[PDB]
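Just the one chain here, laid out as structure tokens, in the form deposited in one PDB entry.
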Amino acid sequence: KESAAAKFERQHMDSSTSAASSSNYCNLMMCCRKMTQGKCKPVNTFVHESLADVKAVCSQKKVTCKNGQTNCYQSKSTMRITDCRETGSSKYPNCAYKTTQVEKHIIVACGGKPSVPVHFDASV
């Protein structure tokens, strides 16, 4: 069981750089964050902001998911992000990527599974 929130974090969070280091970054991280196992993942975005700042998006502008869902939210401010695009010469097992550093509003799907007791009402 990998949680969707850990999978998101693994696939999309990078608080260790403020910007994609060089032109190799996506080739490294897509390797490192395991998105090149079995296939090459064509596109992926890393966000160079705190996990707090990224989580806070779940309480910001509500907009629609691309697939038709509604649990998608948009960041008030822009964020430092890195778009990683699979190139033409890419062919599993040898996956290559283009690294692109931009500052754009992100849009994420915000889910959850935990409801907790906050008041004891009665017994029956």
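Shifts are known only where both forms have a C-alpha. Numbers for residues come from their place in the sequence shown, where the first is 1. Only the largest set of C-alpha atoms that superpose within 1.5 Å between the two forms is called the rigid core.
Only in words, not in the display: the form deposited in another entry, which the text now covers.
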item	value
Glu103 C-alpha relocation of at least 2 Å between the shown form and the other one, rigid core basis	no
Distance direction in the other form for the C-alpha atoms of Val102 and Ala6, relative to the displayed form (3 angstroms or more)	farther
In the other form, shift in Cα separation for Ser115 relative to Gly112, 3 Å or more	closer
Residue ranges moving between the shown form and the other one (criterion: at least three consecutive CA positions shifted 2 angstroms or more, core aligned)	1 to 14, 113 to 124
